[PDB]
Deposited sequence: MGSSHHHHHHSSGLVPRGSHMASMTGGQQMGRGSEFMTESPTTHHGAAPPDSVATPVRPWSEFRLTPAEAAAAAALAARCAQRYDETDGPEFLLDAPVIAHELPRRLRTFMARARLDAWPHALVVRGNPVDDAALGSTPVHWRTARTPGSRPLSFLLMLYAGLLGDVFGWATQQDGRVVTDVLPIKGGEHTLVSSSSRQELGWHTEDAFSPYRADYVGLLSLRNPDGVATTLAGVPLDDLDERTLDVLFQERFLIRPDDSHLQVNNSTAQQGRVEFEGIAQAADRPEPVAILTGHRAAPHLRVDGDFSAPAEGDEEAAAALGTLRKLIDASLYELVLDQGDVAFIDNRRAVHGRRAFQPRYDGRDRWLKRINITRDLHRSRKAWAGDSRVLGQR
């Protein structure tokens, strides 16, 4: 498989769950300053075989994601799937939010965005009625097209963490790496040049945040990136193992640059044809390598009956200080 996989034993999974439940008893909130600081050290108490997997697999050269299977979830304890992210911090989902945060702390520094879901660090992926055909993660009937998370931003996550609270119909997450087996050298050369434009996705729009949040100055920086994007490369790093920065629904060539456009159009077709599926069943956790892979989610028919697919999500950076200019409480944004 193109990702690295780990399966908890039932005893390991129970121990991790018990640690998260203890955290939920001892801290008021996952995003509070106290748990943000303490979670990386508390995670040292997770099952050792899991800590070994996370410490080693992050350093491997090849995986598109790190996948951990087998966390127990009881639908009766979890409760119904919220109708909106605003009300999605339910008591039934609270221990599992702490659990995701603990796993994330083994990989890096967690953070959020002032412009996304009210600046929350642990965010929610669930279908919002009336928002089926949008470009944000609360879509359903329209596929979420492949993209680098927050491609517009130099401060985008290194890893995107996902914990599947429920997914009864097995809706697939989509992934693709760099199609290096099919990129000719000239096309590769062009993709490494600063000849492309990449704008903020719709999740950072004020209409996708609560009222009283539309006044955050960080939305100004989002407007600047959408109205005046600066040219950037799509590929960076080692030509034999490039890092990837692209959004299928927001990337464009520089104005009038037809050679850049040809390279991007070629890349689109290669990624479309190599896109593959990862199904996060209930209790599965994935950390997607946001430099090696683009990701999306298949179209699906929402239920709106209380048992819709529901993920918790978290952004992770290897170095919080890389985003110093955007520090707005572990919440990023710029004027």
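Several segments of the deposited sequence have no coordinates for C-alpha: 1-57, 386-387, numbered from the first residue.
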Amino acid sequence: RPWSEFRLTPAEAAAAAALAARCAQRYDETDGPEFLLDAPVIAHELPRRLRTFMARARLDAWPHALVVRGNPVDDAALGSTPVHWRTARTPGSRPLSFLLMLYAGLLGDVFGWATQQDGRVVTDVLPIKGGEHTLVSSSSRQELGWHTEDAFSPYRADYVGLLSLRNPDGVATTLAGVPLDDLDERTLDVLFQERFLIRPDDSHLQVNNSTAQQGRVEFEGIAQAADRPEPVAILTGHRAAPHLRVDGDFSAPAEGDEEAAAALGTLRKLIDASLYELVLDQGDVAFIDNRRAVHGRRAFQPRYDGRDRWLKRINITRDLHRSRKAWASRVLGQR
From here on, numbers count along this sequence of modelled residues.
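For the pair 254-262 and 85-93, the mean B factor over Cα atoms is greater in 254-262. The stretch with the higher mean CA B factor, choosing between 216-224 and 74-82, is 216-224. Considering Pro229, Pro127, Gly177, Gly145 together, the PDB entry gives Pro229 the largest C-alpha B factor. Across the residues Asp158, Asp202, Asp109, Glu149, the deposited record lists the maximum Cα B factor for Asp202. Sort the chain's modelled residues by C-alpha temperature factor and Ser323 lands in the highest third, per the entry. For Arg291, the recorded CA B-factor ranks within the lowest third of the chain. Only modelled residues enter the ranking.
Per-chain ranking of the deposited C-alpha B factor places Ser137 in the middle third. Placement of the Cα temperature factor of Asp284 within the chain: lowest third of the modelled residues, per the deposited record. Sorting the modelled residues of the chain by their CA temperature factor places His44 in the middle third.
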